[PDB]
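Number of protein chains: 2
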Amino acid sequence: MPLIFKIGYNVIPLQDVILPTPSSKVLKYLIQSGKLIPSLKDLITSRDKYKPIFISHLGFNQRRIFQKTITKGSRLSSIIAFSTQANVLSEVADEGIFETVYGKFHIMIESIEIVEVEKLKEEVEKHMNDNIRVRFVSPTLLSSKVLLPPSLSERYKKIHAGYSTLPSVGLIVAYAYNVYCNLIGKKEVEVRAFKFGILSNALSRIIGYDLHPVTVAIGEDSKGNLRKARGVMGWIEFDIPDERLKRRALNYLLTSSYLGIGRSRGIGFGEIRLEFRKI
Amino acid sequence: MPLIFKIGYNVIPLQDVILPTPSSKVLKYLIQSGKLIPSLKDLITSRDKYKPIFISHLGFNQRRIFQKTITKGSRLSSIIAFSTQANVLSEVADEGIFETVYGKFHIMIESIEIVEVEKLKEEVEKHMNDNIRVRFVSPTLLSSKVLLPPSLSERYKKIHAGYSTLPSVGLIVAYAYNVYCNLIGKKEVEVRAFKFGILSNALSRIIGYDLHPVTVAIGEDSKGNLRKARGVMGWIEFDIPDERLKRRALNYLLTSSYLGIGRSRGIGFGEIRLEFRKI
């Protein structure tokens, strides 16, 4: 039923400012401050799993930024994506100068993309004979345990498996099914998510790949701990031969091409590009 | 109950000979011909899944050989591993000159290693606090479908998922559990194999890795088709935090460090080295 908004911002600093950790935080502030799109405040605060927001890392030139001072007026890029009602579009700032605790910046909207989720399925249909390339252009954090049998999840709820620096196709499409579900309002999925993921990496073929684990700062604590974490970057190209599972997976992946993948996407992690090639 | 034999051969050609496809075939001939270890004939012919043999590819210097002429008397290496009764040890050739349809070669035994499977568990115990590095030194072929839900295996028995050029830890330990099972005589495992594999990659952490897909010839047909295939080479290092699943997996991996991994190991594919490091 609802729709997705993908807003492309050009950010420019107004002095020499030292970027915080990670970059995305600067705009996060502006949302919690309500200086830009106050409506989203609630949806930022929401600790609900698989929430539909994405405040990307700040991108210089072509690539994002991960663990250091920035020139006076360098041309930066960013992307915020989310989903509520078209009403919010009445109050998005379009232009402006905002101060933060970091500094002051000139925000100018470069692009706007709005689409309905059901309109995506149409796009899903024309790729049922293309190979699927998923490209992480941001540090992506995928837990392995989301693929643990739902039942048994109590027993092993003691030990932390961390983040699969080497992710299976099933894990990613499970996550995309999670965000797709929490989007269209579909409670209790983890069993279906599970079963679908197992089903997926069980009968899907990796065509080619380049991945590599990455260590990134996700922000200092209050008490002083500079939190670091392990994730995975690079691209992975594969295919699924079963028509059903393909159509479903494409329909979830398209969603992730906006809202991102895994967690925590509320801070720029999991940003992906989705590419296609023929046979 | 039984035990494993790992025989290290030094092979030398007696003229200039053109190696066949793959290399391992040359010794395979000698087993079917019974020229070397006739007893193994039966166990070569056996198309039983997860049979306990391994006729490695011929290794020049340090590394195996995959898709071309060889000098008169170059010093080659090979390893044949398997499991039957100590009786066979009475008739292993030790030394000799054998002719083939390929040519004639001088075989000299360089090393002998015999161990009992229960003796392995002792070795398993002293690593419960080491990281596990699995190194494929041969093209390894792992099907993804071995991780499909046993029940549902009928429905999707139509489409071929091929070989996971990107393997999950679960897939490999599932395979090792398969060979370990068919070894000690333990019928009907695929459900336990399944459940164990899912359980494994669900709560295991990849520490580091380097993998890359490889295309290798597995032999021309009769009708003339030079069969090629996709597999995976490189190393992958990981760990499992649950004590139980670790002890089990180590106990299966040790077995695979002899009998090899996946299929088809009857021709040198799946040869691995198992390494350990502290924390």
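In order, the protein sequence lines correspond to chains A and A'. A prime marks a further copy of an entry chain.
Numbered according to the authors' numbering, the first sequence spans residues 1 to 67, 73 to 284.
Numbered according to the authors' numbering, the second sequence spans residues 1 to 67, 73 to 284.
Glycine residues also receive a C-beta, built at the ideal position from the N, C-alpha and C atoms.
Taking a C-beta distance under 8 Å as the contact criterion, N183(A') and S173(A) do not qualify as a contact pair. Judged by DSSP secondary structure, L14(A) falls outside any alpha helix (DSSP H); it is assigned neither H nor E.
Interface annotation, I75(A): not in contact with chain A', CB-CB separation never under 8 Å. Note on geometry: alpha-carbon atoms of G101(A') and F60(A') lie some 20 Å from one another. Legend: CB atoms of the region 124-155 of chain A' lying less than 8 Å from CB atoms of chain A belong to residues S149, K150, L152, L153, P154. Contact between the region 81-88 of chain A and the region 24-43 of chain A is present, with at least three C-beta pairs closer than 8 Å. Residues of chain A' whose Cβ lies closer than 9 Å to the Cβ of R210(A) are, in chain order, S149, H165, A166, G167, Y168, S169, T170, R235. Taking 7 Å as the upper bound on Cβ-Cβ separation, chain A lies near residues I203, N206, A207, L208, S209, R210, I211, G213, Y214, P218 of the region 196-227 of chain A'.
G236(A) and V221(A) do touch by the CB rule: their CB atoms are close to 6 Å apart, below 8 Å. When beta bridges are read from the DSSP output, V221(A) appears opposite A234(A).
Counting only runs of 3 or more residues that sit fully inside the region 163-228 of chain A, the beta strand (DSSP E) segments are 210-225, in chain order.
At least 8 Å separates the beta-carbon of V93(A') from that of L3(A').
Under DSSP, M113(A) forms a beta bridge with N10(A), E100(A). Put simply, the CB of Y180(A') is far from chain A, with every gap to its CB atoms at 8 Å or more. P144(A) and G224(A') have their alpha carbons spaced roughly 42 Å apart. Put simply, of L259(A'), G273(A'), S269(A') the residue whose alpha carbon is nearest the alpha carbon of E128(A') is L259(A'). Sequence-distant Cβ neighbours of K283(A') in its own chain, meaning closer than 8 Å and more than five residues away, are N134, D135, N136. Comparing alpha-carbon positions, the option among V17(A'), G167(A'), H217(A'), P13(A') lying closest to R140(A') turns out to be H217(A'). Around the beta carbon of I117(A'), a 10 Å sphere encloses fewer than 16 other beta carbons of the protein chains shown; the residue is thus reported as exposed. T76(A) sits exposed, since fewer than 16 C-beta atoms from the chains shown fall within 10 Å of its C-beta. For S95(A), there are no CB contacts under 7 Å within the same chain when 5 residues up- and downstream are skipped.
Residue state for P144(A) is assigned as strand, using DSSP reduced to three classes. The beta carbon of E115(A') is closer than 6 Å to those of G8, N10 in its chain, skipping five residues each way along the sequence. Assigned with DSSP and collapsed to three states, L153(A') falls in coil, not helix or strand. Here the alpha carbon of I53(A) sits roughly 20 Å from the alpha carbon of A254(A).
Within 7 Å of the CB of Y161(A'), the CB atoms of chain A belong to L208, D247, in sequence order along the chain. Linking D226(A') to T21(A') through their CA atoms gives a straight-line distance of about 11 Å. Pairing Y168(A) with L146(A) gives a Cβ-Cβ distance under 8 Å. Residue state for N92(A) is assigned as helix, using DSSP reduced to three classes. For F281(A) and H132(A), the gap between their C-alpha atoms comes out near 8 Å. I272(A') and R138(A) have their C-alpha atoms spaced approximately 33 Å apart.
Rounded to whole angstroms, the separation of the alpha carbons of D99(A) and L81(A) is 16 Å.
At least one beta carbon of chain A lies nearer than 8 Å to the beta carbon of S173(A'). In the DSSP assignment, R63(A') is bridged to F60(A').
Assigned with DSSP and collapsed to three states, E276(A) falls in coil, not helix or strand.
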